[PDB]
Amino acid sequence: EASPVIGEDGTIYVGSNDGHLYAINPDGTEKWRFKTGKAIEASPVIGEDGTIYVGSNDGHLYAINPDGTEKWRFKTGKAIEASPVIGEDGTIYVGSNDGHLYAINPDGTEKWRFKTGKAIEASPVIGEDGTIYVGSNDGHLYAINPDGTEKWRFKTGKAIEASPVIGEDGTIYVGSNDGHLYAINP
């Protein structure tokens, strides 16, 4: 039940609730498919270099080349329910149900991990200055530095289920399950 994406070459990609992750053409013929251990919930993200990245309920984030060949796999504790985010330097950001935020080098290795108390259910957002913002189900909004360390965490009551938004003045706005909207300064 995910949204599909279109490539810089016009290809249509989508994850399927019946396990596979088809890569279709505009005419409808199957170009190739790539099956994962479980159904795919996240919508795929196409990197600047054309690499297609997508999460999976099997706990792995996969990197697939335009030609269908696997570039690498990255193991996380639990399923990935949110689309990954690519930064300017190409670093892929992703969160898992195990409560960690991961920064994966485009070559397939881990750069750093950062833990939150509960699962991370939504994609992180990278600020204009490179700061990575992400919500945790532990009720806090985390601001994580490019170096993998914490800059600050902001407490809410209930879980944060959705990605924050950055205004022109840099203010971070995010909805909480506790009923409040918050606006946080850098």
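Residue numbers here begin at 1 and follow the sequence given.
> Quick one: say whether 26 to 34 or 155 to 163 has the higher mean Cα B-factor in the deposited entry.
26 to 34 has the higher mean C-alpha B-factor.
> Going by the average Cα B-factor in the PDB entry, point out whether 36 to 44 or 117 to 125 comes out higher.
Result: 36 to 44.
> Please place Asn137 in the lowest, middle or highest third of its chain by C-alpha B factor as given in the entry.
It belongs to the lowest third of the chain when residues are ordered by C-alpha B-factor.
> Lowest, middle or highest third: where is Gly55 by C-alpha B factor in its chain?
CA B-factor rank for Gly55: highest third.
> Quick check for you: using the entry's CA B-factors within this chain, is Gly77 in the lowest, middle or highest third?
Top third by C-alpha B-factor.
> Lowest, middle or highest third of the chain for the C-alpha temperature factor of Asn145?
As the PDB entry reports it, the C-alpha B-factor of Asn145 lands in the lowest third of its chain.
> Ranking every modelled residue in this chain by its Cα temperature factor as given in the entry, which third contains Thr171?
CA B-factor rank for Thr171: lowest third.
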